[PDB]
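Taking it in order: structure first as structure tokens, then the write-up.
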Amino acid sequence: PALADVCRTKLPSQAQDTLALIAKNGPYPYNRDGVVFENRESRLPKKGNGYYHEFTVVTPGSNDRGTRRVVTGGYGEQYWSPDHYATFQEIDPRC
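Terminal number for the sequence shown in the entry's author numbering: 97, no gaps in between.
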């Protein structure tokens, strides 16, 4: 299943903030940051257990954590999802 590409620079500032915290290894804003994402719908390439982890992308002015996420892979693949894993774009770091 071909995924859409999105340029890192075109993402919301908060998504880019997350990408920067991942590169730095936190400290993260949420306790659930870093947990395994299981890809149970096969939207990302299918891999072995624990290949993917999710990180929250801050949504200014909820009260809650919200829906926006980055998912990373085991070799450093990065994916954007604004909608709690309903959709994914592969993040292009070169634009």
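A virtual CB, placed ideally from N, CA and C, is assigned to each residue, including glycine.
Identified DSSP bridge partners for residue i
i, result
"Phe39", "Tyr54"
Residue from the options with nearest C-alpha to residue i
i, options, result
"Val37", "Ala25, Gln91, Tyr53, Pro47", "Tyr53"
"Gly78", "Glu56, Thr89, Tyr30, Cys97", "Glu56"
"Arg71", "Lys12, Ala17, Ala4, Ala6", "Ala17"
"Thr89", "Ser44, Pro95, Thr61", "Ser44"
Limits of the alpha helix (DSSP H) - the one that residue i falls within
i, result
"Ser44", "Note, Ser44: premise wrong, no alpha helix (DSSP H); not H, not E."
"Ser15", "15 to 26"
Limits of the unbroken beta strand (DSSP E) element including residue i
i, result
"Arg71", "71 to 74"
"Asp66", "Note, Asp66: premise wrong, no beta strand (DSSP E); not H, not E."
"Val59", "Where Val59 is concerned, there is no enclosing beta strand (DSSP E), given that its DSSP letter is neither H nor E."
"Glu79", "Element bounds for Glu79: n/a, residue is neither H nor E."
Cα-Cα separation between residue i and residue j, rounded to whole angstroms
i, j, result
"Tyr87", "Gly63", "21 Å"
"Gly76", "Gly68", "25 Å"
"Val59", "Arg42", "21 Å"
"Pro29", "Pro3", "34 Å"
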